[PDB]
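So the protein lines, in turn, are chains A and B. First residue of the first sequence? That's 169 in UniProt numbering, and the numbers climb one at a time after it. First residue of the second sequence? That's 2 in UniProt numbering, and the numbers climb one at a time after it. No residue lacks a Cβ here, since even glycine has one placed at the ideal position from N, Cα and C. First comes the structure, then the notes that go with it.
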Amino acid sequence: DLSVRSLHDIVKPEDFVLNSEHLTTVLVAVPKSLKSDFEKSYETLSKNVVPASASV
Amino acid sequence: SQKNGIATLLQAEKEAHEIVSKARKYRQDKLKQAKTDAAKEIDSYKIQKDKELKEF
Numbered sequence: 169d170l171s172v173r174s175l176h177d178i179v180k181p182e183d184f185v186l187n188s189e190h191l192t193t194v195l196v197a198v199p200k201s202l203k204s205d206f207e208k209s210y211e212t213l214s215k216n217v218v219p220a221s222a223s224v
Numbered sequence: 002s003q004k005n006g007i008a009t010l011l012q013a014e015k016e017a018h019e020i021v022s023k024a025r026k027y028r029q030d031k032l033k034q035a036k037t038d039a040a041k042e043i044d045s046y047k048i049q050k051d052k053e054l055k056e057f
């Protein structure tokens with residue numbers, strides 16, 4: 169369950185960029201029913217976001 | 002399409018960081034430029050007191 173677990177076995181250099189102070193990486197655990205609400209409300213969830221990141 | 006906007010955002014982040022590195026290099030060079038500007042100015046003030054002491 170994604171509550172104490174951190175991704176350290178599926179991390180790559182194309183999904184998490186932490187080489188500069190401008191961009192960062194934030195993980196959001198959503199349910200299976202709330203996937204469309206998080207994908208549609210992902211752009212309106214916070215300002216200064218990166219699009220095309222809705223992926224499993 | 003995240004693998005193209007992430008790479009373009011990484012290249013724009015490095016190109017944005019290069020101007021800050023150049024500004025840090027110029028700010029690092031200005032401190033030596035001020036010390037050169039004073040060390041090149043004290044030698045013209047010493048010889049006036051030496052020539053004034055010799056003429057006195």
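If you draw a straight line from the Cα of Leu-175/A to the Cα of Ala-39/B, it is about 56 Å long.
Contact between the segment 200–215 of chain A and the segment 22–36 of chain B is absent: fewer than three C-beta pairs spanning the two stretches fall below 8 Å. DSSP places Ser-174/A outside any alpha helix (DSSP H), giving it a letter other than H or E. Listed in chain order, the non-local C-beta contacts of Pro-219/A below 7 Å within the same chain comprise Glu-211, local neighbours out to five positions each way being set aside. For the 8 Å CB-CB criterion, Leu-10/B and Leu-213/A do not form a contact. For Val-196/A, the secondary structure class from DSSP, reduced to helix, strand or coil, is coil. Under the Cβ criterion of 8 Å, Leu-11/B is counted among the residues facing chain A. With 16 or more neighbouring CB atoms inside 10 Å of its own CB, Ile-7/B falls in the buried class. In this structure, DSSP gives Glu-211/A a state outside helix and strand, which the three-state scheme calls coil.
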